[PDB]
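Working notes, structure below.
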Protein chains: 2
Amino acid sequence: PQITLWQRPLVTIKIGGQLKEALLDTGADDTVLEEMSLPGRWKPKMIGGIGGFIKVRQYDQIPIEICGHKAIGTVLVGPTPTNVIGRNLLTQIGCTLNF
Amino acid sequence: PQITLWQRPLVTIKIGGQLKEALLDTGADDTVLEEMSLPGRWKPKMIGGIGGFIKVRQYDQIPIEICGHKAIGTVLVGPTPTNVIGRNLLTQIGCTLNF
Ligand SMILES: COC(=O)N[C@H](C(=O)NN(CC[C@@]1(Cc2ccccc2)C(=O)N([C@H]2c3ccccc3C[C@H]2O)C[C@H]1O)Cc1ccc(-c2ccncc2)cc1)C(C)(C)C
């Protein structure tokens, strides 16, 4: 589909069998979601944003559906102000910017 | 043009007679640039992202050019770790997400 930007590009995603709302964010290298439980072991990662850095848990090869599109990749979990889908997953669903 | 998301979507913008590199950021409501001088009035604003909030100066009705596309809108100036082009200007150049 084609999504205009007059409003926030918020979409429904499915992870761990649950539906959540997330923002398609081209300004993000990675995907970071609010606190939640994910399987397996995680690795640490420090990610920097507009206001500084935060600590997050990194889970790899996690199945996640975005707007119905299937993806399997790295998901960071931590104290983010909102769920954001970064380029690591936007590329998996074939997303591009056009104008 | 069609911008790939395999890499960060960086573009050249022309503002205040200067040329700067900025990130096309669909997750950003506003446009924020590192410290620079801009003409006209302004008012303080606090914007929050990953890591917390930062204080910026809000300048309205600022002419800007992105990839040859002219537009006008609000530009925030402050200690942002990187230049970001937000939805308020992405809409004016007719930028959309497609997949
Ligand atoms: C390489 O780093 C990244 O890709 N970081 C991502 C990130 O923050 N991206 N933001 C952008 C992330 C988001 C997330 C958000 C969405 C809704 C509500 C609250 C927050 C954000 O915080 N945004 C803020 C923003 C930006 C411009 C103008 C106004 C505002 C207010 C707020 O919306 C836009 C979103 O895209 C742009 C950015 C890029 C590099 C560095 C850096 C930091 C340190 N050194 C150099 C550059 C700092 C910031 C993560 C989500 C993974 C943290």
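Convention: chains lettered A, B, ... in structure tokens order; per-chain residue numbering from 1; ligands numbered from 1 as shown.
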
Legend entry - Long-range neighbours of residue 17 in chain B as a PyMOL selection string, 12 Å cut-off, only C-alpha atoms, 4 positions minimum in chain: chain B and resi 13+36-39+62-65

Would you write out those residues with N, CA, C and O atoms, as a PDB file, in the first residue's frame?
ATOM      1  N   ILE B  13      19.562  19.274   1.779  1.00  0.00           N
ATOM      2  CA  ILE B  13      18.510  20.272   1.888  1.00  0.00           C
ATOM      3  C   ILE B  13      19.162  21.646   1.812  1.00  0.00           C
ATOM      4  O   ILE B  13      20.351  21.794   2.106  1.00  0.00           O
ATOM      5  N   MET B  36      21.917  26.462  14.222  1.00  0.00           N
ATOM      6  CA  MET B  36      22.118  27.288  13.044  1.00  0.00           C
ATOM      7  C   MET B  36      21.299  28.546  13.252  1.00  0.00           C
ATOM      8  O   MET B  36      20.423  28.590  14.114  1.00  0.00           O
ATOM      9  N   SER B  37      21.584  29.574  12.465  1.00  0.00           N
ATOM     10  CA  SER B  37      20.844  30.815  12.578  1.00  0.00           C
ATOM     11  C   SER B  37      19.715  30.851  11.557  1.00  0.00           C
ATOM     12  O   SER B  37      19.880  30.419  10.416  1.00  0.00           O
ATOM     13  N   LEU B  38      18.561  31.348  11.985  1.00  0.00           N
ATOM     14  CA  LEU B  38      17.410  31.481  11.104  1.00  0.00           C
ATOM     15  C   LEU B  38      16.771  32.835  11.391  1.00  0.00           C
ATOM     16  O   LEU B  38      16.765  33.293  12.531  1.00  0.00           O
ATOM     17  N   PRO B  39      16.237  33.499  10.353  1.00  0.00           N
ATOM     18  CA  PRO B  39      15.600  34.810  10.516  1.00  0.00           C
ATOM     19  C   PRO B  39      14.182  34.740  11.073  1.00  0.00           C
ATOM     20  O   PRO B  39      13.539  33.691  11.032  1.00  0.00           O
ATOM     21  N   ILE B  62       9.502  28.816   7.431  1.00  0.00           N
ATOM     22  CA  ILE B  62      10.870  28.838   6.919  1.00  0.00           C
ATOM     23  C   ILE B  62      10.948  28.132   5.565  1.00  0.00           C
ATOM     24  O   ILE B  62      10.546  26.972   5.435  1.00  0.00           O
ATOM     25  N   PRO B  63      11.453  28.833   4.534  1.00  0.00           N
ATOM     26  CA  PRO B  63      11.584  28.257   3.192  1.00  0.00           C
ATOM     27  C   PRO B  63      12.640  27.163   3.230  1.00  0.00           C
ATOM     28  O   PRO B  63      13.684  27.327   3.860  1.00  0.00           O
ATOM     29  N   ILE B  64      12.380  26.051   2.555  1.00  0.00           N
ATOM     30  CA  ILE B  64      13.329  24.952   2.552  1.00  0.00           C
ATOM     31  C   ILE B  64      13.246  24.232   1.205  1.00  0.00           C
ATOM     32  O   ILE B  64      12.209  24.258   0.544  1.00  0.00           O
ATOM     33  N   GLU B  65      14.348  23.625   0.781  1.00  0.00           N
ATOM     34  CA  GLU B  65      14.369  22.888  -0.475  1.00  0.00           C
ATOM     35  C   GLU B  65      14.962  21.511  -0.198  1.00  0.00           C
ATOM     36  O   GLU B  65      16.025  21.399   0.412  1.00  0.00           O
TER      37      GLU B  65
END

Compile a residue-level contact table for chain A against ligand 1 at a cut-off of 6 Å, reporting for every qualifying residue the shortest atom pair and its distance in Å to one decimal, with only C-alpha atoms and all ligand atoms counted, rows ordered by chain and ascending number, as a tab-separated table.
residue	atom	partner	partner_atom_place_in_ligand_line	distance
A:25	CA	ligand 1	36 (O)	5.4
A:27	CA	ligand 1	9 (N)	4.9
A:28	CA	ligand 1	4 (O)	3.8
A:29	CA	ligand 1	4 (O)	3.9
A:30	CA	ligand 1	52 (C)	4.7
A:47	CA	ligand 1	53 (C)	4.8
A:48	CA	ligand 1	43 (C)	4.0
A:49	CA	ligand 1	8 (O)	3.3
A:50	CA	ligand 1	49 (C)	4.4
A:81	CA	ligand 1	19 (C)	4.9
A:82	CA	ligand 1	18 (C)	5.5

Inset, instruction - Please report as a PyMOL selection string which residues of chain B come no farther than 10 Å from chain A, using only C-alpha atoms. - result: chain B and resi 1-10+23-29+32+47-55+67+69+79-82+84-99

Legend entry - Contacts of residue 76 in chain B within 9 Å, only C-alpha atoms, excl. fewer than 5 positions in-chain, as number ranges by chain: B: 30-34, 45, 56-60

Inset, instruction - Could you find all residues in chain A that DSSP calls alpha helix (DSSP H) from the backbone, and write them as a PyMOL selection string? - result: chain A and resi 87-90

Export of prior selection with C-alpha atoms as a PDB file, in the first residue's frame:
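The result, written out as result.pdb:
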ATOM      1  CA  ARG A  87      14.759  -0.106   8.604  1.00  0.00           C
ATOM      2  CA  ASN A  88      15.923  -3.587   9.590  1.00  0.00           C
ATOM      3  CA  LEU A  89      12.291  -4.695   9.199  1.00  0.00           C
ATOM      4  CA  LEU A  90      11.065  -2.069   6.735  1.00  0.00           C
TER       5      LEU A  90
END

Inset, instruction - Could you find all residues in range 7-86 of chain B that DSSP calls strand (DSSP E or B) from the backbone, and write them as an MDAnalysis selection string? - result: chainID B and resid 10:15 18:24 32:33 43:49 52:66 69:77 84:85
